[PDB]
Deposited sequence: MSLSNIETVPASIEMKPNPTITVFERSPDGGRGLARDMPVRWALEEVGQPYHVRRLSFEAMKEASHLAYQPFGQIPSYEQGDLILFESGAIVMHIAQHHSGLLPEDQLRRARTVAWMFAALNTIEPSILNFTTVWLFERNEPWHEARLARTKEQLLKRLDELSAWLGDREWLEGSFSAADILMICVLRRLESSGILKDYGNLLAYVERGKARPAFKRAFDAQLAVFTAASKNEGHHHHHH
């Protein structure tokens, strides 16, 4: 039947589409699968999003986007050489790029109270800047990560959008344009609007 995903009824991003349900929503919209939504209040880690389809219950945004991408057309290449490299970028987005971002942004957004705030911020920015240098050096002049738009691009773009609040992507022209390219897609916009409509409802 139809997938049911769970989002929070009140988003900490405040209607900015930054929670981990954004990649899921985007993927479902990109694939054209109608889906049901449940709002929650307070899965082995008790987070969002959960993904439900019959007896199957999924967790982790990476794996949800994976399951959507392989049971439908449009998000993964047919060729297995191409498909394996896509999976590499999906893992790279979440275990290589995202932690570098998260370490910096937590200091930048929330740790202004801490005593050695200045010195720790400089250390996490240093590590982030090398990761982005590497990411931007790879992408160069490409439209997407690897050929056609893929589930890796959804994950990488949603990960990179966590850096909008800090303005760090201003020094990376191709990475900035790359995020904008993803945002310009009608599926992103459909997912963004539905996310924003949850925020206005509560």
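- Unmodelled regions of the deposited chain sequence (numbering from residue 1, in sequence order): 1-16, 59-69, 230-240.
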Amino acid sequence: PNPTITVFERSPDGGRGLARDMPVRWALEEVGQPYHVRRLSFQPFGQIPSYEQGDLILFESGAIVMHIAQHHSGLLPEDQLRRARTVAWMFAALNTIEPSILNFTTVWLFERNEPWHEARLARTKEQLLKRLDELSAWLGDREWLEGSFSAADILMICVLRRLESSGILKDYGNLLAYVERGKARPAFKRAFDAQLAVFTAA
From here on, numbers count along this sequence of modelled residues.
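- Between the stretches 26-34 and 147-155, it is 26-34 that shows the larger average CA temperature factor.
- The mean Cα B-factor in the deposited entry runs higher for 9-17 than for the other of 9-17 and 188-196.
- Comparing the listed residues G62, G54, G173, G167, the entry records the largest Cα B-factor for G54.
- Ranking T86, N113, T96, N103 by Cα temperature factor from the entry places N113 first.
- When the modelled residues of the chain are ordered by their C-alpha B factor, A69 lands in the lowest third.
- Remark: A137 belongs to the middle third of its chain, ranked by C-alpha B-factor as recorded.
- When the modelled residues of the chain are ordered by C-alpha B-factor, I48 sits in the highest third.
- Among the modelled residues of its chain, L160 has a C-alpha B-factor that falls in the lowest third according to the deposited record.
- Per-chain ranking of the deposited C-alpha B factor places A92 in the lowest third.
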